[PDB]
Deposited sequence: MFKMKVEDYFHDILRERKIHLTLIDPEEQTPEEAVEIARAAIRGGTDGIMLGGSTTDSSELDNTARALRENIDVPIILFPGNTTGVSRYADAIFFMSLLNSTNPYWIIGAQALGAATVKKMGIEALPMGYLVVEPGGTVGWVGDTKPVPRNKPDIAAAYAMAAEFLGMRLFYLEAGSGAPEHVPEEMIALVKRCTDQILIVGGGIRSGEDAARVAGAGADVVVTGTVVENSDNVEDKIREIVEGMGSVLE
């Protein structure tokens, strides 16, 4: 459970340091969080995939009882809403060619998010030139790694549309994380909480990305203390 707003919780940490989140997939796990908190994670991301909304419920239920960091929903589809979470990344897949992933899915799930109490964090979601499975399923045109002006352009548009958070996604298991240059440019152009995930395995991966401008660092694939150490090194 988490008493207060997750968004204020984020600003609270950001006064002093950078934020780390651990991404858990229910299909893969059985209702790791505790280990990642012993490493120094500041929150648990839950979802990322299209899977039956009951393995989610059980994993979500199990977590809310036993951990004291926020559970934030990371929906890969409308199957990603669960009342047992503390907040949801209410995201738009901005660089999709399919309106379903941009606003369609979002419209169908809004009543569910509202009927429940869940805090909704507005987030622009942008796939970078590898992109992993989400890039493919999300019908995206991945942003080339050497075209940061494009990423920055979408970051600026997201902000003007009211999205206070921006997520640079290289896709799960990306060989290399989002380019340092791309992150820096986005940080230069907006006042958004800049989140970066994908391909971040080593503390050095975390140092480069954190140093590049990222306010938040997401990881799914202790390794965590190595990572969180890395993000402190800068």
| field | Parts of the chain sequence, as deposited, that carry no C-alpha coordinates in this structure | value | 32 to 36, 227 to 235, 249 to 250
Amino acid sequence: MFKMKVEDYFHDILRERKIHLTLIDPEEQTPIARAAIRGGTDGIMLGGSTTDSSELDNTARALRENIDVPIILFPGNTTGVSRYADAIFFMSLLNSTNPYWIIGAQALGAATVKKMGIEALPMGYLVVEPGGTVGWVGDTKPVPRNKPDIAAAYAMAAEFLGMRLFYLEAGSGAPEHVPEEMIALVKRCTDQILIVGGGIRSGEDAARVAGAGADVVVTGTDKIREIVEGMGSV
From here on, numbers count along this sequence of modelled residues.
| query | On average, which has the higher Cα B-factor in the deposited entry, 209 to 217 or 222 to 230? | reply | 222 to 230
| task | Quick one: say whether 72 to 80 or 85 to 93 has the higher mean Cα B-factor in the deposited entry. | result | 72 to 80
| remark: From 30, 192, 51, 41, the top C-alpha temperature factor is at 51
| remark: Top Cα B-factor in this entry, restricted to 116, 161, 123, 134, sits on 116
| said: Please say which third, lowest, middle or highest, residue 64 falls into when its CA temperature factor is compared across its chain. | reply: highest
| said: Taking only the Cα B-factors deposited for this chain, tell me whether residue 146 sits in the lowest, middle or highest third. | reply: middle
| Third of the chain, ranked by Cα B-factor, where residue 171 sits | middle
| field | Cα B factor band for residue 56 (lowest, middle or highest third within the chain) | value | highest
| message | Where does the C-alpha B-factor of residue 21 rank in its chain, lowest, middle or highest third? | response | lowest
